[PDB]
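Structure file start.cif (mmCIF, N, CA and C atoms and all ligand atoms) follows.
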data_protein
#
loop_
_atom_site.label_atom_id
_atom_site.label_comp_id
_atom_site.auth_asym_id
_atom_site.auth_seq_id
_atom_site.Cartn_x
_atom_site.Cartn_y
_atom_site.Cartn_z
N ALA E 3 -20.56 2.35 4.23
CA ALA E 3 -19.81 1.57 5.25
C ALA E 3 -18.41 2.16 5.40
N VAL E 4 -17.75 1.82 6.50
CA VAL E 4 -16.40 2.31 6.76
C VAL E 4 -15.51 1.14 7.16
N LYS E 5 -14.31 1.08 6.58
CA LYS E 5 -13.36 0.02 6.88
C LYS E 5 -12.37 0.58 7.90
N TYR E 6 -12.18 -0.14 9.01
CA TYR E 6 -11.25 0.29 10.05
C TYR E 6 -10.01 -0.60 10.10
N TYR E 7 -8.84 0.02 10.14
CA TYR E 7 -7.57 -0.69 10.19
C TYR E 7 -6.87 -0.42 11.51
N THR E 8 -6.11 -1.39 12.01
CA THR E 8 -5.38 -1.20 13.26
C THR E 8 -3.96 -0.74 12.95
N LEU E 9 -3.32 -0.11 13.93
CA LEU E 9 -1.94 0.34 13.76
C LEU E 9 -1.05 -0.82 13.34
N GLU E 10 -1.33 -2.00 13.89
CA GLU E 10 -0.55 -3.21 13.59
C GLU E 10 -0.59 -3.55 12.11
N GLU E 11 -1.76 -3.43 11.50
CA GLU E 11 -1.95 -3.71 10.08
C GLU E 11 -1.26 -2.69 9.19
N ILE E 12 -1.47 -1.42 9.49
CA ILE E 12 -0.91 -0.32 8.71
C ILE E 12 0.62 -0.33 8.69
N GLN E 13 1.21 -0.65 9.83
CA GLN E 13 2.65 -0.71 10.01
C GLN E 13 3.34 -1.66 9.03
N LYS E 14 2.59 -2.64 8.54
CA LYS E 14 3.13 -3.63 7.61
C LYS E 14 3.25 -3.10 6.18
N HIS E 15 2.56 -1.99 5.89
CA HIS E 15 2.59 -1.42 4.55
C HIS E 15 3.63 -0.33 4.42
N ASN E 16 4.89 -0.75 4.44
CA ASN E 16 6.01 0.17 4.34
C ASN E 16 7.18 -0.51 3.63
N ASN E 17 6.92 -1.04 2.44
CA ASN E 17 7.96 -1.70 1.65
C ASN E 17 7.86 -1.22 0.21
N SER E 18 8.63 -1.83 -0.69
CA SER E 18 8.62 -1.41 -2.09
C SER E 18 7.31 -1.69 -2.81
N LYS E 19 6.51 -2.59 -2.26
CA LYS E 19 5.25 -3.00 -2.86
C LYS E 19 4.03 -2.20 -2.40
N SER E 20 4.09 -1.68 -1.18
CA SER E 20 2.95 -0.94 -0.64
C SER E 20 3.38 0.14 0.34
N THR E 21 2.76 1.31 0.22
CA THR E 21 3.05 2.43 1.10
C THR E 21 1.75 3.06 1.63
N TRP E 22 1.48 2.86 2.91
CA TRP E 22 0.29 3.43 3.56
C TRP E 22 0.76 4.39 4.64
N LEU E 23 -0.11 5.31 5.00
CA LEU E 23 0.17 6.23 6.09
C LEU E 23 -1.14 6.83 6.58
N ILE E 24 -1.08 7.39 7.78
CA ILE E 24 -2.25 7.96 8.42
C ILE E 24 -2.22 9.49 8.44
N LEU E 25 -3.34 10.11 8.11
CA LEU E 25 -3.46 11.56 8.15
C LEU E 25 -4.82 11.85 8.78
N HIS E 26 -4.82 12.47 9.95
CA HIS E 26 -6.07 12.80 10.64
C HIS E 26 -6.99 11.59 10.81
N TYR E 27 -6.42 10.47 11.26
CA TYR E 27 -7.15 9.23 11.50
C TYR E 27 -7.70 8.52 10.26
N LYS E 28 -7.33 9.00 9.08
CA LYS E 28 -7.77 8.36 7.86
C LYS E 28 -6.54 7.66 7.27
N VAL E 29 -6.75 6.50 6.66
CA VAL E 29 -5.65 5.74 6.08
C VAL E 29 -5.56 5.97 4.57
N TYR E 30 -4.36 6.31 4.10
CA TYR E 30 -4.15 6.58 2.68
C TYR E 30 -3.21 5.57 2.06
N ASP E 31 -3.56 5.08 0.88
CA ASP E 31 -2.69 4.16 0.17
C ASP E 31 -2.00 5.02 -0.88
N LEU E 32 -0.74 5.39 -0.63
CA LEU E 32 -0.02 6.25 -1.55
C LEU E 32 0.97 5.53 -2.46
N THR E 33 0.83 4.21 -2.56
CA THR E 33 1.73 3.41 -3.37
C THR E 33 1.97 3.93 -4.80
N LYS E 34 0.90 4.27 -5.50
CA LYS E 34 1.02 4.75 -6.88
C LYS E 34 1.22 6.25 -7.02
N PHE E 35 1.16 6.96 -5.90
CA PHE E 35 1.31 8.40 -5.88
C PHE E 35 2.75 8.85 -5.61
N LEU E 36 3.54 7.98 -4.99
CA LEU E 36 4.92 8.30 -4.65
C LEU E 36 5.70 9.08 -5.70
N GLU E 37 5.69 8.60 -6.94
CA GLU E 37 6.43 9.26 -8.01
C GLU E 37 5.80 10.52 -8.58
N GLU E 38 4.54 10.77 -8.26
CA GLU E 38 3.82 11.94 -8.76
C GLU E 38 3.84 13.12 -7.78
N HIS E 39 4.13 12.82 -6.52
CA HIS E 39 4.18 13.82 -5.46
C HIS E 39 5.22 14.88 -5.80
N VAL E 40 4.80 16.14 -5.95
CA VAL E 40 5.76 17.19 -6.28
C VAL E 40 6.76 17.40 -5.14
N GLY E 41 6.37 16.98 -3.93
CA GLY E 41 7.24 17.12 -2.78
C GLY E 41 8.25 15.99 -2.66
N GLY E 42 8.26 15.10 -3.65
CA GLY E 42 9.21 13.99 -3.64
C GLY E 42 8.68 12.70 -3.02
N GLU E 43 9.35 11.59 -3.30
CA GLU E 43 8.91 10.32 -2.74
C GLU E 43 9.63 9.96 -1.45
N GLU E 44 10.82 10.52 -1.26
CA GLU E 44 11.61 10.26 -0.06
C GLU E 44 10.87 10.67 1.22
N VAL E 45 10.21 11.82 1.20
CA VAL E 45 9.49 12.30 2.37
C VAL E 45 8.28 11.42 2.70
N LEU E 46 7.74 10.74 1.70
CA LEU E 46 6.59 9.86 1.92
C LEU E 46 7.06 8.51 2.45
N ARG E 47 8.12 7.96 1.86
CA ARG E 47 8.65 6.68 2.30
C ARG E 47 9.07 6.70 3.77
N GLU E 48 9.63 7.82 4.22
CA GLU E 48 10.06 7.94 5.61
C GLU E 48 8.91 7.88 6.61
N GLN E 49 7.71 8.26 6.17
CA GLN E 49 6.55 8.25 7.05
C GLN E 49 5.69 7.00 6.89
N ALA E 50 6.01 6.18 5.90
CA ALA E 50 5.26 4.96 5.60
C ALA E 50 4.96 4.09 6.82
N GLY E 51 3.72 3.61 6.90
CA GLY E 51 3.31 2.75 8.00
C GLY E 51 2.93 3.42 9.31
N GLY E 52 2.99 4.74 9.35
CA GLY E 52 2.64 5.44 10.58
C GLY E 52 1.82 6.69 10.37
N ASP E 53 1.72 7.50 11.42
CA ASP E 53 0.95 8.74 11.40
C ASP E 53 1.84 9.91 10.95
N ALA E 54 1.48 10.53 9.83
CA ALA E 54 2.27 11.65 9.30
C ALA E 54 1.50 12.97 9.32
N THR E 55 0.49 13.06 10.18
CA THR E 55 -0.34 14.25 10.27
C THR E 55 0.42 15.55 10.58
N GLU E 56 1.27 15.53 11.60
CA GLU E 56 2.02 16.74 11.95
C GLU E 56 2.93 17.20 10.82
N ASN E 57 3.66 16.27 10.21
CA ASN E 57 4.57 16.60 9.12
C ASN E 57 3.80 17.15 7.92
N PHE E 58 2.62 16.58 7.69
CA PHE E 58 1.75 16.99 6.58
C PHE E 58 1.27 18.43 6.78
N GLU E 59 0.86 18.74 8.01
CA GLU E 59 0.38 20.07 8.34
C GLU E 59 1.51 21.09 8.46
N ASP E 60 2.67 20.63 8.90
CA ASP E 60 3.82 21.52 9.06
C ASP E 60 4.23 22.18 7.75
N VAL E 61 4.10 21.45 6.64
CA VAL E 61 4.47 22.00 5.34
C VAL E 61 3.34 22.83 4.72
N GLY E 62 2.17 22.79 5.36
CA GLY E 62 1.02 23.56 4.89
C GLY E 62 0.45 23.34 3.50
N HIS E 63 -0.02 22.13 3.22
CA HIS E 63 -0.52 21.78 1.90
C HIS E 63 -1.69 22.64 1.43
N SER E 64 -1.66 23.02 0.16
CA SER E 64 -2.71 23.85 -0.42
C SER E 64 -4.05 23.12 -0.42
N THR E 65 -5.12 23.87 -0.69
CA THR E 65 -6.45 23.30 -0.73
C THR E 65 -6.56 22.27 -1.85
N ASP E 66 -5.93 22.54 -2.99
CA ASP E 66 -5.97 21.61 -4.11
C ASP E 66 -5.34 20.26 -3.75
N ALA E 67 -4.21 20.29 -3.05
CA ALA E 67 -3.53 19.06 -2.65
C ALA E 67 -4.41 18.26 -1.69
N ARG E 68 -5.05 18.94 -0.75
CA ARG E 68 -5.92 18.27 0.22
C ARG E 68 -7.13 17.63 -0.46
N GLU E 69 -7.69 18.31 -1.45
CA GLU E 69 -8.85 17.77 -2.16
C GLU E 69 -8.43 16.52 -2.93
N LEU E 70 -7.24 16.55 -3.51
CA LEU E 70 -6.74 15.41 -4.26
C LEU E 70 -6.44 14.22 -3.35
N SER E 71 -5.88 14.49 -2.18
CA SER E 71 -5.54 13.43 -1.24
C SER E 71 -6.71 12.50 -0.92
N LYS E 72 -7.93 13.02 -0.97
CA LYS E 72 -9.10 12.20 -0.67
C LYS E 72 -9.28 10.99 -1.58
N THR E 73 -8.74 11.04 -2.79
CA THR E 73 -8.88 9.92 -3.72
C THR E 73 -8.11 8.69 -3.25
N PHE E 74 -7.13 8.90 -2.37
CA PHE E 74 -6.31 7.80 -1.87
C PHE E 74 -6.75 7.18 -0.55
N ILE E 75 -7.83 7.68 0.04
CA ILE E 75 -8.31 7.14 1.31
C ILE E 75 -8.90 5.74 1.14
N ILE E 76 -8.45 4.80 1.97
CA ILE E 76 -8.96 3.43 1.90
C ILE E 76 -9.65 3.01 3.20
N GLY E 77 -9.71 3.92 4.17
CA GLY E 77 -10.35 3.59 5.43
C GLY E 77 -9.95 4.52 6.56
N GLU E 78 -10.22 4.10 7.79
CA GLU E 78 -9.88 4.91 8.96
C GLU E 78 -9.18 4.08 10.02
N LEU E 79 -8.55 4.76 10.97
CA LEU E 79 -7.85 4.07 12.04
C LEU E 79 -8.89 3.56 13.05
N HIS E 80 -8.74 2.31 13.46
CA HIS E 80 -9.65 1.70 14.42
C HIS E 80 -9.75 2.55 15.68
N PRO E 81 -10.98 2.82 16.15
CA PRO E 81 -11.20 3.62 17.35
C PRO E 81 -10.37 3.17 18.54
N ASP E 82 -10.20 1.86 18.70
CA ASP E 82 -9.43 1.34 19.83
C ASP E 82 -7.96 1.75 19.83
N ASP E 83 -7.44 2.12 18.66
CA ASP E 83 -6.04 2.54 18.57
C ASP E 83 -5.85 4.05 18.59
N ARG E 84 -6.95 4.78 18.71
CA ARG E 84 -6.92 6.23 18.74
C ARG E 84 -6.81 6.80 20.16
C1 LIG O 101 -1.67 12.52 1.21
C2 LIG O 101 -1.28 12.92 -0.07
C3 LIG O 101 -0.55 14.08 -0.35
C4 LIG O 101 -0.81 14.85 -1.42
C5 LIG O 101 -1.97 14.67 -2.41
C6 LIG O 101 0.26 15.84 -1.51
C7 LIG O 101 0.34 16.80 -2.51
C8 LIG O 101 1.34 17.77 -2.60
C9 LIG O 101 1.30 18.87 -3.54
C10 LIG O 101 0.32 19.08 -4.69
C11 LIG O 101 2.32 19.68 -3.21
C12 LIG O 101 2.61 21.06 -3.81
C13 LIG O 101 2.35 22.20 -2.84
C14 LIG O 101 0.90 22.25 -2.42
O1 LIG O 101 0.03 22.21 -3.31
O2 LIG O 101 0.63 22.35 -1.21
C15 LIG O 101 3.06 19.05 -2.13
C16 LIG O 101 4.29 19.50 -1.62
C17 LIG O 101 4.97 18.89 -0.56
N1 LIG O 101 4.51 17.77 0.16
FE1 LIG O 101 2.84 16.75 -0.15
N2 LIG O 101 1.18 15.69 -0.47
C18 LIG O 101 0.68 14.62 0.26
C19 LIG O 101 1.29 14.13 1.41
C20 LIG O 101 2.48 14.60 1.96
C21 LIG O 101 3.04 14.09 3.21
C22 LIG O 101 2.44 12.97 4.04
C23 LIG O 101 4.21 14.76 3.43
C24 LIG O 101 5.11 14.64 4.49
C25 LIG O 101 5.34 13.50 5.26
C26 LIG O 101 4.38 15.68 2.29
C27 LIG O 101 5.44 16.58 2.14
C28 LIG O 101 5.49 17.56 1.13
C29 LIG O 101 6.60 18.49 0.95
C30 LIG O 101 7.90 18.46 1.74
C31 LIG O 101 6.28 19.32 -0.08
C32 LIG O 101 7.15 20.43 -0.68
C33 LIG O 101 7.14 21.70 0.17
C34 LIG O 101 8.04 22.79 -0.40
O3 LIG O 101 8.58 22.60 -1.51
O4 LIG O 101 8.21 23.82 0.27
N3 LIG O 101 3.28 15.60 1.42
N4 LIG O 101 2.40 17.89 -1.71
#

What would you get if you wrote out this structure as structure tokens?
Amino acid sequence: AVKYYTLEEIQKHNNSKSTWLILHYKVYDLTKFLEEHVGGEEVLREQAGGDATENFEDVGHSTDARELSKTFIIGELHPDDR
């Protein structure tokens, strides 16, 4: 099964308690990853609650980072908001 979230819902997850963001229409819960990110937590907090696909691709993440990112996926963006 697949869980779909709307932009309205995702936008609410941008506080000290929860950090979500969108990458290629998939929703990632990075709340517990913030402090482990070698690229820092500041760059993640700034994108919280929205689509960070361009910024993610602009820095050119390695294959290992992309494979790891999959562990944080909690769903996808609702088709109606795409
Ligand atoms: C979705 C989970 C993500 C994972 C698992 C992840 C993982 C990593 C890892 C392992 C690196 C080291 C370099 C590499 O292996 O490519 C890295 C560097 C970096 N990441 Fe991420 N990243 C994620 C999301 C993001 C996002 C959304 C942004 C931007 C909004 C971001 C910005 C950066 C920056 C700025 C660097 C450092 C680049 C440099 O030093 O030149 N990352 N990330």

- Selection within 6 Å of ligand LIG 101 (chain O) by all atoms listed in the file, output as a ChimeraX atom specification: /E:39-42,45-46,49,54,57-58,61-68,70-71

- Item | Nearby residues, (4.2, 1.8, 6.1) file frame, 10 Å, only C-alpha atoms, as a list in words | residues 9, 11, 12, 13, 14, 15, 16, 17, 18, 20, 21, 22, 23, 24, 31, 32, 33, 46, 47, 48, 49, 50, 51, 52 and 53 of chain E

Could you put an axis-aligned box around every listed atom of region 19-32 of chain E, padded by 3 Å on each side, and send me its centre and edge lengths in Å to one decimal, as AutoDock Vina command-line options?
--center_x -0.6 --center_y 4.9 --center_z 4.3 --size_x 20.3 --size_y 21.8 --size_z 20.4

- Measuring atom to atom with all atoms listed in the file, identify which of E:59, E:10, E:30, E:19 is nearest to residue 76 (chain E).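 Nearest to residue 76 (chain E): E:30.
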
- Enter the distance from CA of residue 75 (chain E) to atom C of residue 55 (chain E), in Å, rounded to one decimal.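 Interatomic distance, CA of residue 75 (chain E) to atom C of residue 55 (chain E): 15.3 Å.
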
- Per-residue DSSP, chain E, filtered to helix (DSSP H, G or I), as an MDAnalysis selection string: chainID E and resid 9:12 44:47 55:60 65:74 81:83

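In this model, the gap between atom C of residue 27 (chain E) and CA of residue 56 (chain E) comes to 12.8 Å.
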
- Counting only C-alpha atoms, figure out which residue out of E:83, E:69, E:29, E:74 gets nearest to residue 5 (chain E). E:29

- Kindly give the distance, in Å, that separates CA of residue 37 (chain E) and CA of residue 25 (chain E), rounded to a single decimal.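 Separating CA of residue 37 (chain E) from CA of residue 25 (chain E) is a distance of 19.1 Å.
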
- DSSP-assigned strand (DSSP E or B) among chain E, expressed as a PyMOL selection string: chain E and resi 6-7+16+21-25+28-31+53+75-79

Show me, as a JSON list (two decimals) with N, CA and C atoms, in the frame of the given file, the residues that have an atom within 6 Å of residue 80 (chain E) when counting only C-alpha atoms, minus same-chain residues fewer than 3 positions from it.
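For reference, selection-v2.json as written:
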[["chain", "number", "residue", "atom", "x", "y", "z"],
["E", 6, "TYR", "N", -12.18, -0.14, 9.01],
["E", 6, "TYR", "CA", -11.25, 0.29, 10.05],
["E", 6, "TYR", "C", -10.01, -0.60, 10.10],
["E", 7, "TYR", "N", -8.84, 0.02, 10.14],
["E", 7, "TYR", "CA", -7.57, -0.69, 10.19],
["E", 7, "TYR", "C", -6.87, -0.42, 11.51],
["E", 8, "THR", "N", -6.11, -1.39, 12.01],
["E", 8, "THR", "CA", -5.38, -1.20, 13.26],
["E", 8, "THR", "C", -3.96, -0.74, 12.95],
["E", 83, "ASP", "N", -7.44, 2.12, 18.66],
["E", 83, "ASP", "CA", -6.04, 2.54, 18.57],
["E", 83, "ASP", "C", -5.85, 4.05, 18.59]]
